[PDB]
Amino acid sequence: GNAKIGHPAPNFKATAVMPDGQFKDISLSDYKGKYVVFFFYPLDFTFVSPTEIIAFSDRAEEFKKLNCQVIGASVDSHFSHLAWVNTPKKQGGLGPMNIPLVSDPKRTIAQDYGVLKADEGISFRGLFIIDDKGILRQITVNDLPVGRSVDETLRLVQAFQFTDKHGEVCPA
């Protein structure tokens, strides 16, 4: 892919299902000025992914406190994303979301981020931390069966922000 630490994270423009349940075309560059956690999950209607998606959504306030936008993405269609959002949580659905979920049906965003499982046309569990200038700071990629930690993601975002100010601080 083209995701390189210290270089601008690859831009994308893609249809997402938004927290209000409607579809909107969004770009990574829309979020310049905020930190971004951009994470891929393989497919809708799966069993490791909902734990991750619901945790990032449930804890979106903690990322807001860090001026950090969270965005999920999968190769499944935005229609499929919304079907999973609208599925009752009691039956395995996501329920209402506090984060947008991007659709990557052409697989080009996953390829740009180096996380396409090429023999299977779905993304690995890639997670990318992008700073407020659009520069990639952190790459995380898990094989399909192993999920990610919101605690660890928050630790990383906060630590990048703190070290960002190392040298900018009042010298009293």
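One-based numbering along the sequence shown.
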item: Per the entry, higher mean C-alpha B factor between 103-111 and 26-34; value: 26-34
item: Of 45-53 and 116-124, the one with larger mean CA B-factor; value: 116-124
item: Out of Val17, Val150, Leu156, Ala9, highest CA B-factor residue; value: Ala9
item: Given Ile135, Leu144, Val141, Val70, the residue at which the Cα B factor reaches its maximum; value: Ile135
item: Cα B factor band for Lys90 (lowest, middle or highest third within the chain); value: highest
item: Cα B factor band for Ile129 (lowest, middle or highest third within the chain); value: lowest
